[PDB]
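Student: Attaching a single structure in structure tokens format; questions to follow.
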Amino acid sequence: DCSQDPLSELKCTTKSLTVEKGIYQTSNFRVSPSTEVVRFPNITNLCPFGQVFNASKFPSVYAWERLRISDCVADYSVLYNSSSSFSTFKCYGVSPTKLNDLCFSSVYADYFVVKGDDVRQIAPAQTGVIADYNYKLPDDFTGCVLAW
Amino acid sequence: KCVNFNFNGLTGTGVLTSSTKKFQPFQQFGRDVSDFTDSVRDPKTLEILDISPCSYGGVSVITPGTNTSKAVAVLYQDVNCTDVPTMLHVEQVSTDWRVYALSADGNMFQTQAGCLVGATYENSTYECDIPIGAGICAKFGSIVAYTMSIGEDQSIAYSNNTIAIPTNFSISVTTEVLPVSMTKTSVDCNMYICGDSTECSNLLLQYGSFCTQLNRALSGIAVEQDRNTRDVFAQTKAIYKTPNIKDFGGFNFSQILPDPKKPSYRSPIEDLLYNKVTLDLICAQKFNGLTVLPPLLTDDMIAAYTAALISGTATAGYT
Amino acid sequence: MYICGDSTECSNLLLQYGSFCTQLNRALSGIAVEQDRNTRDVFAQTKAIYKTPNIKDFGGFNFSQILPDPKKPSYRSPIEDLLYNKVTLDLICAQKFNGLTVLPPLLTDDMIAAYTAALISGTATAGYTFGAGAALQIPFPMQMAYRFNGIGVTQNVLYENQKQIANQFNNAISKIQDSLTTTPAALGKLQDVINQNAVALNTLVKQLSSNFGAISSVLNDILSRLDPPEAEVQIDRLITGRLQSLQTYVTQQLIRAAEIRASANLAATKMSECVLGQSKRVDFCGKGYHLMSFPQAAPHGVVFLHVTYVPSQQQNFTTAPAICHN
Amino acid sequence: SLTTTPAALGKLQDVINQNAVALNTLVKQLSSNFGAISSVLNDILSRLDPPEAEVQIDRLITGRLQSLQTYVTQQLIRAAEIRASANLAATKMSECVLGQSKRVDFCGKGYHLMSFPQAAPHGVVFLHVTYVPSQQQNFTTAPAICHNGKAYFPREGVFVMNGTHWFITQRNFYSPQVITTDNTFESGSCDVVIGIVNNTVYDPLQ
Ligand SMILES: *[C@@H]1O[C@H](CO)[C@@H](O[C@@H]2O[C@H](CO)[C@@H](O)[C@H](O)[C@H]2NC(C)=O)[C@H](O)[C@H]1NC(C)=O
Ligand SMILES: *[C@@H]1O[C@H](CO)[C@@H](O[C@@H]2O[C@H](CO)[C@@H](O)[C@H](O)[C@H]2NC(C)=O)[C@H](O)[C@H]1NC(C)=O
Ligand SMILES: *[C@@H]1O[C@H](CO)[C@@H](O[C@@H]2O[C@H](CO)[C@@H](O)[C@H](O)[C@H]2NC(C)=O)[C@H](O)[C@H]1NC(C)=O
Ligand SMILES: *[C@@H]1O[C@H](CO)[C@@H](O[C@@H]2O[C@H](CO)[C@@H](O)[C@H](O)[C@H]2NC(C)=O)[C@H](O)[C@H]1NC(C)=O
Ligand SMILES: *[C@@H]1O[C@H](CO)[C@@H](O[C@@H]2O[C@H](CO)[C@@H](O)[C@H](O)[C@H]2NC(C)=O)[C@H](O)[C@H]1NC(C)=O
Ligand SMILES: *[C@@H]1O[C@H](CO)[C@@H](O[C@@H]2O[C@H](CO)[C@@H](O)[C@H](O)[C@H]2NC(C)=O)[C@H](O)[C@H]1NC(C)=O
Ligand SMILES: *[C@@H]1O[C@H](CO)[C@@H](O)[C@H](O)[C@H]1NC(C)=O
Ligand SMILES: *[C@@H]1O[C@H](CO)[C@@H](O)[C@H](O)[C@H]1NC(C)=O
Ligand SMILES: *[C@@H]1O[C@H](CO)[C@@H](O)[C@H](O)[C@H]1NC(C)=O
Ligand SMILES: *[C@@H]1O[C@H](CO)[C@@H](O)[C@H](O)[C@H]1NC(C)=O
Ligand SMILES: *[C@@H]1O[C@H](CO)[C@@H](O)[C@H](O)[C@H]1NC(C)=O
Ligand SMILES: *[C@@H]1O[C@H](CO)[C@@H](O)[C@H](O)[C@H]1NC(C)=O
Ligand SMILES: *[C@@H]1O[C@H](CO)[C@@H](O)[C@H](O)[C@H]1NC(C)=O
Ligand SMILES: *[C@@H]1O[C@H](CO)[C@@H](O)[C@H](O)[C@H]1NC(C)=O
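Chains as they are written, first to last, in the deposited numbering: chain A, 280 to 427; chain L, 526 to 666, 674 to 811, 831 to 870; chain V, 723 to 811, 831 to 1067; chain Y, 920 to 1125.
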């Protein structure tokens, strides 16, 4: 047990149950954390996802709109009950599993309507009518694309 | 306390303390030249904290050998013996470790190298055994720390009207040992890297001459090792017959010259030397392309050179 | 601590590189030991330690600048103190936090000074100091007479001119402190050793800020944003580059260590042939005809003072290969 | 001395052990994954097609190549150290064995007389025969002797008094000779030599 005493820490460091005479430098098998300190800003409001995801009207792709999101909690589990299922949910910047553990310094939501076959063009390094003439993302894109 | 943390998603493990540093109006964290985060602003309380690695500075463990005892002493590098209970984390994690981290009568000794605990201090001087710090060594006979000696003290009084002169003398013989050559090795750079994989072989060819260069470097060494031996032993081309007489005016050479009447071609002293430094993994080495090559000169040929050098000295000058 | 730091995910991945990490530690450990051997092999020439005499006047020859003064707070000679103050010449926190430390030498500076004091004290008062199994007491002026015969000069020259010779000796020694004080470059060799090591460590720390092709230089930021299927790729890039940077550091320390060992061997040879004896080798123990030498302690090295005989005021005479008598 | 002191030849044992370790260490680095799913190329090829297999293989090739490179580099460094030792051994063979050295502490600890080489595995052992002085006695001395207002100095050795009479002897072995005009030379005006004493210099013609 590498954490029990100074002789075990030495035996583990040298990977040997037999140790020769002398002075050795050892690895830290001694101190390990048991708790966690989690600190987040004072935010009580949920992000107005309903405003974009449950809107009565979307813009066309040639004339897309942008909305800024701030001072809110990005809880994406609410979309399990209050939103249609997403056929596409692809994140490029971060893993989608990490979104609930992150804080962002800025968030923008760009939205529009395209036909099904054109959904695949909403990505970095794409070609086509939409990618070339209507809506384009940079190669170094950090964010998520959702569609239904 | 050592702890895990997350500030606005910024995670890590460490010790959180109060900072004296100042942040810009919109700065959330600070980092040093290694991009190590050493400061963060608390999201709810507008206060800067300091972040330290849970252990830092180095710790050494001193042992007499596990075949002697299970006693150890611990050296905390570059710390005071008053700060050990703080640099440690005694109340948080340590169990049996507590006996080394906490002070007691005769438990801790302060040195220049750091704080030594678990060893006593002799208050005397001896020859160094296990070196600990600067001027400080230790021995088993638990663990005993002491200041190392640099020789005995002598005093020669100065005088201007006397001189010391030896009235007697003795002949002494001392031994000096020098390395001359290494073991010559060779590596099959394809068998080692790829083995029986032909797909790997095709990919290994994409690394140019890198593989070849390795073989060339080892080959160069192997040659040098034979030159090293030759340049030491082959001092005279002439090979002198070892005399049947080992008595040269009362001087007995029978221990340094080979005995022609025996099965051995080496002197008594040489046989002793050979049997003292002689000292399947081999299959594993061969299967993975690692081999060992023999020296150009055999041991009997080396012995022939040394025998010639002695024989030609006992009987002649201008050798 | 250098490669992974507080990242436990990295640690698990670093274990996939076998003993590579261990080998680096072993190489540096070997060097550290050699450095104590280097010092011992130069200064510890005689086991016997000779008490520094209260008399610094040995037949008119003044040794007070090369021997320590027992009545002062210092245990070093005037010249040695000057040497120490010329090569002396938070980044340290950054080094410690990233797993880089520095270990002290086995021998303290007072112990080194003790060796040099013994070597000089045992020379001013006795001969056969290289053996010292039977140190032979001799008057200093007579030791000088012997040293003069050794350079082809009849010993009567010393005795007749003892007063001038002692004066030239005393003046030549005094000039050493003035030369060193006004010439900062005199000990440049020792300063270079200190600076080279300081740079190598600071350079190594600063290589932790590199991305090495990864999205970030910080493991926690990679782990915070990505899951293993993608995080491992970004992490592998950082581990490989950090390991290469450590490997290049260790390799250059091994090369430098070889150079220092060679210098230490030369210094040890000079201690035996220049200080504990008289050399017959040209330009080995000074520039003129060698008489005697004295060692002085210095940080990370040794300084030798070589006392030599130099001819002057030459005149031309008519000569002949032989004379025919009868 | 050798029989009862196993450490006497430790230098040669170290060479053997260092090489043995380097080779065994190298073999054991083939068990490493280096970030790959497997340390075994056949298992990677068995499970994956090239589009993915090449990534896993490249990781193994890079790490195995680095391990071979570190082995070769350390052998070159060690080779340099051994060559330096071999050069020293060759020098000693020439200066200690095939001749007599005048260099202090080069061929033993005392005054060098002769040396003899002995063969050993991976190296050479020298036996150095030296002359060592012992049983020293103190005598009253003098820088010169004044005979008739003229200073006399020894051609070699020193002037010593045995308690009653003055003699000339060598420094490395006491063997007192009578002071004569043959053992000294006349030079100087007596009153210019510090510590000069009066005595009789024997003239062999009388
Ligand atoms: C974030 O919210 C916390 C409440 O959890 C605030 O805590 C207050 O701290 C002040 C001291 O500065 C106390 O006097 C108040 O009584 C605390 N409030 C409560 C309800 O206990 C904290 O100050 C807030 N921080 C920011 C930046 O808004
Ligand atoms: C130098 O001293 C040694 C003693 O160490 C002398 O050797 C002894 O000589 C006597 C004869 O008088 C023998 O009986 C002893 O057995 C010898 N001892 C040893 C160890 O051999 C030696 O003769 C002295 N030499 C001179 C020139 O005085
Ligand atoms: C040279 O030394 C050897 C010993 O190294 C002598 O050989 C010994 O002689 C004695 C007396 O006859 C025997 O009891 C021993 O058994 C012999 N030892 C060995 C190994 O043979 C040899 O006699 C000496 N030679 C001379 C000329 O003195
Ligand atoms: C040896 O040299 C030192 C100087 O290095 C001499 O000390 C000086 O003596 C003069 C004359 O009394 C004083 O004015 C100086 O202040 C002294 N200097 C120091 C540093 O003390 C010393 O006297 C000389 N010794 C002999 C025997 O000549
Ligand atoms: C000092 O030297 C004197 C002179 O050689 C020694 O005196 C002689 O001693 C021998 C006996 O060994 C006598 O036969 C001579 O007749 C003495 N000659 C004279 C002039 O006295 C004296 O013994 C020596 N003393 C010592 C201690 O060596
Ligand atoms: C050896 O040193 C002693 C002193 O220790 C010298 O004797 C002194 O010499 C001075 C100068 O002539 C006198 O003033 C003293 O009165 C003398 N003292 C004694 C006790 O005699 C001696 O001359 C020196 N001898 C040599 C060869 O240098
Ligand atoms: C959300 O959209 C649905 C139609 O898809 C609509 O029936 C519902 O009333 C909307 N929710 C709100 C709050 O308007
Ligand atoms: C589920 O959706 C309905 C709307 O159809 C809403 O009224 C209800 O509150 C939601 N459930 C929760 C837990 O929010
Ligand atoms: C270690 O101790 C055992 C007895 O338990 C003994 O047999 C063995 O020879 C010892 N080994 C060494 C190197 O002392
Ligand atoms: C140890 O304490 C001394 C004061 O006695 C202080 O000068 C020194 O800097 C301290 N060292 C450390 C590592 O804290
Ligand atoms: C050794 O003992 C003396 C008392 O005789 C004491 O003054 C000295 O400090 C002790 N040495 C150490 C390192 O404590
Ligand atoms: C000595 O040199 C000078 C020139 O400096 C010359 O004039 C003189 O003739 C030379 N002496 C002899 C003997 O040649
Ligand atoms: C020789 O040394 C002894 C002390 O061992 C001393 O008593 C004696 O006087 C010295 N001899 C001379 C001539 O000074
Ligand atoms: C003998 O030498 C001394 C000096 O040591 C001198 O004073 C004395 O006059 C000399 N005696 C004779 C007869 O010259």
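Every residue gets a Cβ at the ideal spot worked out from N, C-alpha and C, and that includes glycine.
Would you mind working out which of L:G555, L:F765, L:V586 sits nearest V298 (chain A), comparing C-alpha positions?
Tutor: The residue you call residue 298 (chain A) lines up with position 19 of the first sequence. Checked all of L:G555, L:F765, L:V586; the closest Cα to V298 (chain A) is L:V586.
Student: Closer than 8 Å between beta carbons: that is the criterion. Which residues of the stretch 760-773 of chain V meet it against chain L?
Tutor: Listed in sequence order: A766, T768, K769, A770, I771, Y772, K773.
Student: Beta carbons nearer than 7 Å to chain L: which residues of the stretch 336-347 of chain A have them?
Tutor: Cβ contacts with chain L come from no residue of the stretch 336-347 of chain A.
Student: Between the beta-carbon of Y646 (chain L) and the beta-carbon of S681 (chain L), is there less than 9 Å?
Tutor: By 1-based counting over the second sequence, the position of residue 646 (chain L) is 121. By 1-based counting over the second sequence, the position of residue 681 (chain L) is 149. Not closer than 9 Å, so no.
Student: Starting from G1027 (chain Y), find everything on chain L with Cβ-Cβ shorter than 9 Å and list it in chain order.
Tutor: The count along the fourth sequence starts at 1 and reaches residue 1027 (chain Y) at position 108. Within 9 Å Cβ-Cβ: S704, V705, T706, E708.
Student: As an exercise, report each continuous alpha helix (DSSP H) stretch of at least 4 residues that is fully enclosed by the stretch 913-988 of chain V, in chain order.
Tutor: Correct list: 929-946, 960-966.
Student: Could you please tell me which residues of the stretch 1020-1044 of chain Y, in chain order, have their CB closer than 8 Å to any CB of chain L?
Tutor: Against chain L - using a Cβ distance shorter than 8 Å - the residues of the stretch 1020-1044 of chain Y are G1027, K1028, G1029, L1032, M1033, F1035, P1036, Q1037, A1038, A1039, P1040, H1041, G1042, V1043, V1044.
Student: What would DSSP say about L841 (chain V), mapped onto helix, strand or coil?
Tutor: Within the third sequence, residue 841 (chain V) is the residue found at index 100, counting from 1. Three-state result, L841 (chain V): coil.
Student: Is it buried or exposed, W1085 (chain Y), if we count other Cβ atoms within 10 angstroms and call 16 or more buried?
Tutor: In the fourth sequence, counting from the first residue as 1, residue 1085 (chain Y) sits at position 166. Buried is the call here.
Student: Would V934 (chain Y) and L832 (chain L) qualify as a contact pair, given that the criterion is a beta-carbon distance under 9 Å?
Tutor: What you label residue 934 (chain Y) is simply residue 15 of the fourth sequence in a count that begins at 1. What you label residue 832 (chain L) is simply residue 281 of the second sequence in a count that begins at 1. No. Outside cutoff.
Student: Measure from the alpha carbon of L641 (chain L) to the alpha carbon of each residue in L:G631, L:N648, L:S649, then state which is nearest.
Tutor: The count along the second sequence starts at 1 and reaches residue 641 (chain L) at position 116. Among L:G631, L:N648, L:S649, the Cα nearest to that of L641 (chain L) belongs to L:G631.
Student: Return the first residue and the last residue of the alpha helix (DSSP H) that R759 (chain V) is part of.
Tutor: Translated into positions along the third sequence, residue 759 (chain V) becomes position 37. Unbroken alpha helix (DSSP H) run through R759 (chain V): 742-765.
Student: Just checking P800 (chain L) against ligand 3 - is the residue's beta carbon closer than 8 Å to any of the ligand's heavy atoms?
Tutor: Within the second sequence, numbered from 1, the residue matching residue 800 (chain L) stands at position 268. Flag set: Cβ of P800 (chain L) near ligand 3.
Student: Does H1084 (chain Y) come within less than 9 Å of chain L when only Cβ atoms are used?
Tutor: The sequence position of residue 1084 (chain Y) within the fourth sequence is 165, counting from 1. Judged by the 9 Å Cβ criterion, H1084 (chain Y) is not in contact with chain L.
Student: Can you tell which of Y:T1088, Y:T1010, Y:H1066 has its C-alpha closest to the C-alpha of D763 (chain L)?
Tutor: Within the second sequence, residue 763 (chain L) is the residue found at index 231, counting from 1. The option with the nearest alpha carbon to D763 (chain L) is Y:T1010.
Student: Anything in the stretch 547-579 of chain L with a Cβ closer than 7 Å to a Cβ of chain A? List those residues in chain order, please.
Tutor: Answer set for the stretch 547-579 of chain L: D567, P568, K569, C579.
Student: Taking only beta-carbon positions, decide if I688 (chain L) is within less than 9 Å of chain A.
Tutor: Start at 1 with the first residue of the second sequence, and residue 688 (chain L) comes out as number 156. Not closer than 9 Å to any Cβ of chain A, the Cβ of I688 (chain L) fails to qualify, so no.
Student: Just jot down, in chain order, the residues whose CB lies closer than 7 Å to any heavy atom of ligand 10.
Tutor: Taking each Cβ in turn, the ones that pass are L:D603, L:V604, L:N605, L:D608.
Student: Measure from the alpha carbon of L848 (chain L) to the alpha carbon of each residue in L:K716, L:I861, L:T607, then state which is nearest.
Tutor: Numbered from 1 along the second sequence, position 297 holds the residue referred to as residue 848 (chain L). Ranking the options by Cα distance to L848 (chain L), first place goes to L:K716.
Student: May I ask you to check if the CB of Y646 (chain L) is nearer than 8 Å to at least one heavy atom of ligand 11?
Tutor: Walking along the second sequence from the start, residue 646 (chain L) turns up at place 121. Flag set: Cβ of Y646 (chain L) near ligand 11.
Student: Can you determine whether any heavy atom of ligand 6 sits closer than 8 Å to the C-beta of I1113 (chain Y), and answer yes or no?
Tutor: Residue mapping note: residue 1113 (chain Y) aligns to position 194 of the fourth sequence, counting from 1. Under cutoff, so the answer is yes.
Student: For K664 (chain L), does the three-state DSSP call read helix, strand or coil?
Tutor: For the purposes of this step, residue 664 (chain L) is taken as residue 139 along the second sequence, with counting starting at 1. Strand at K664 (chain L).
Student: For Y856 (chain V), report the span of its alpha helix (DSSP H) as first-last.
Tutor: Taking the third sequence and counting its residues from 1, the one referred to as residue 856 (chain V) is at position 115. Residues 850-865.
Student: Using a Cβ-Cβ cut-off of 9 Å, state whether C662 (chain L) counts as contacting chain V.
Tutor: Reading the second sequence from its first residue, position 137 is the one you call residue 662 (chain L). Interface residue, yes.
Student: How big is the Cα-Cα spacing for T922 (chain V) and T593 (chain L)?
Tutor: For the purposes of this step, residue 922 (chain V) is identified with residue 181 of the third sequence, where counting begins at 1. For the purposes of this step, residue 593 (chain L) is identified with residue 68 of the second sequence, where counting begins at 1. Distance between the alpha carbons of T922 (chain V) and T593 (chain L) is about 55 Å.
Student: What does the Cβ neighbour count give for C732 (chain L), buried or exposed, with the cut at 16 atoms within 10 Å?
Tutor: Position 200 of the second sequence, counted from the first residue, corresponds to residue 732 (chain L). The residue is buried, with at least 16 neighbouring Cβ atoms inside 10 Å.
Student: Where does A1038 (chain V) fall in DSSP's three states?
Tutor: On the third sequence, position 297 is the one that residue 1038 (chain V) refers to. Strand, per DSSP.
Student: Relative to the C-alpha of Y806 (chain L), which residue among L:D791, L:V843, L:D851, L:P792 is closest?
Tutor: For the purposes of this step, residue 806 (chain L) is taken as the residue at position 274 of the second sequence. Of L:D791, L:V843, L:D851, L:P792, the residue nearest in Cα terms is L:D851.
Student: Check this for me: beta carbons of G583 (chain L) and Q552 (chain L), under 9 Å apart or not?
Tutor: Mapped onto the second sequence, residue 583 (chain L) falls at position 58. Mapped onto the second sequence, residue 552 (chain L) falls at position 27. Taking 9 Å as the Cβ cut-off, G583 (chain L) and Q552 (chain L) do not qualify as a contacting pair.
Student: Under the three-state reduction of DSSP, which class applies to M633 (chain L): helix, strand or coil?
Tutor: Counted from its first residue, the second sequence places residue 633 (chain L) at position 108. DSSP places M633 (chain L) in strand when its eight states are reduced to three.
Student: Could you tell me whether any Cβ in chain L is nearer than 9 Å to the Cβ of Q304 (chain A)?
Tutor: Indexing the first sequence from 1 puts residue 304 (chain A) at position 25. At least one chain L Cβ lies under 9 Å of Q304 (chain A).
Student: In whole angstroms, give me the CA-to-CA distance for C579 (chain L) and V528 (chain L).
Tutor: Along the second sequence, read from residue 1 onward, the residue named residue 579 (chain L) stands at position 54. Along the second sequence, read from residue 1 onward, the residue named residue 528 (chain L) stands at position 3. When rounded, the distance between both Cα atoms is 8 Å.
Student: Please confirm whether any heavy atom of ligand 8 lies closer than 8 Å to the CB of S361 (chain A).
Tutor: For the purposes of this step, residue 361 (chain A) is taken as residue 82 along the first sequence, with counting starting at 1. Yes, ligand 8 has a heavy atom inside 8 Å of this Cβ.
Student: Within its chain, find whatever has a CB closer than 7 Å to the CB of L627 (chain L); leave out the 5 residues flanking it on each side and keep chain order.
Tutor: By one-based count along the second sequence, residue 627 (chain L) stands at place 102. Contacts found: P610, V615.
Student: What residues does ligand 12 have around it, judged by CB closer than 7 Å to any heavy atom, in chain order?
Tutor: This selection yields V:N1057, V:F1058, V:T1059.
Student: Classify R345 (chain A): buried if its beta carbon has 16 or more other beta carbons within 10 angstroms, exposed otherwise.
Tutor: What you label residue 345 (chain A) is simply residue 66 of the first sequence in a count that begins at 1. With fewer than 16 other Cβ atoms within 10 Å, it is exposed.
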